[PDB]
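In C-alpha cells, the next block holds one chain alone, the form deposited in one PDB entry.
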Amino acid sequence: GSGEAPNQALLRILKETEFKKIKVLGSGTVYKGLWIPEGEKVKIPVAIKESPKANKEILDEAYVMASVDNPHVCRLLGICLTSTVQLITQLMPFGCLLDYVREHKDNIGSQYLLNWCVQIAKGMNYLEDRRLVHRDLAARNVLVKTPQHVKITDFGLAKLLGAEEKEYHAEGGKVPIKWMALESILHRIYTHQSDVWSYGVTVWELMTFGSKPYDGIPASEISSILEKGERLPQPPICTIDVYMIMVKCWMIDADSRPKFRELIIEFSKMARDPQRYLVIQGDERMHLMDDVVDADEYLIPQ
C-alpha cells in the first residue's frame, strides 16, 4: 500500500523575553499580548496560553498545530519552554464564534452565517487532506479574526491517520457527546466523516445564534435518541435547503454524509443568494502601531 511522507514541520521555540503579556483573556490562563522577535521591528498580536500529563498533552497539541498551515486553521507561532510551558498563537480578537454569535445575534445576517459555513468547511477539508481527524469541532472551537474570517482551533483531541488508515479507535478519554457521530459514541470510532457530523452540529449552533444542542438532555440519553432517528430541530431561519445539508451530516451511515469538499460547494452556492436560504428578521440592516503586523503577514521560513 501507500507509505507515509516525512513531517518536516519546524517547531519554533520562543524566548520568554520576546513576548509580553498585556491582559488576561480567560482561564490554564490565556493572555493577549505582543510577540516582538528581536531586531525584526515587528509587533505581532498573540494569544499566550500558559503535571506530566498536561505537559504531554500540550506538546501533542503543539505538534499538531505546527503541522498545519491553512488560512482557516489557527496559526501556532511557537512554544516557550519556561518552568510553565507557553503556547503562542495568533491573536483572534473577536474570540470564539459561539460567544460571538450569542453576543451579536441581533446583527448577524445571512451572508455572514453562510460564509462562516464555507470557511469552516474549507479548514476541515484541509485537515482531511492532511489526514487529521479533529474530533472536537464545535462553534466554541472556531475563532474569529474578523467577522469575515474565522479559523478552526483546539487540536487537543486531534489525531493523524496513517496513509492506509481509515479510522482512529479511541480509548476512554472524555469527549463532547452532543457533537459526536453515533459511531463515535457507540464504538469509539473517529473518521473524517465523524468530523462531518460535528460540522453539522456546529452549523446548527450558528443557525440558532448559539443555542445549546439537546439542551437539558443528559449526554447518557443522546445515544438512544439518535438510534431512534431523532435529530436536532430545524432552526427557524433555515430553509429546507439548509436543514437538508445538516440532516445529511447526521446520517447513521457515515459514508452517506456529505464530504467537506461538497459542503464548501453547497454553502458557497447558497452564499451567492443568502436571503434565499436563510430568512432572518432585519437581514438587510444587520452589520458587524506603525510596526504592528498580524500573524498572517508574518511568514516564518518552512
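All residue numbers are counted from 1 along the displayed sequence. We call the rigid core the largest set of C-alpha positions that still match within 1.5 Å between the two forms.
Separately, the form deposited in another entry exists; it is not shown, and the next lines address it.
> Upon rigid core superposition, which of the listed residues (34, 237, 254, 247) is displaced by 2 angstroms or more at its Cα between the shown form and the other one?
Correct option: 34.
> Indicate whether residue 85 shows a C-alpha shift of 2 Å or more between the shown form and the other one, with the rigid core used for the fit.
Indeed, residue 85 is displaced by 2 Å or more.
> After core superposition, I'd like to know whether residue 271 moves between the shown form and the other one (criterion: C-alpha shift of 2 angstroms or more).
Shift at residue 271: below 2 Å after core fit.
> Which way does the C-alpha gap of residue 57 and residue 140 go in that other deposited form, closer or farther, given it changes by 3 angstroms or more?
Farther: residue 57 and residue 140 separate by 3 Å or more in that other deposited form.
> Look at the CA atoms of residue 58 and residue 130: state whether they lie closer or farther apart in that other deposited form than in this form, given a difference of 3 Å or more.
Compared with the shown chain, residue 58-residue 130 is closer in that other deposited form.
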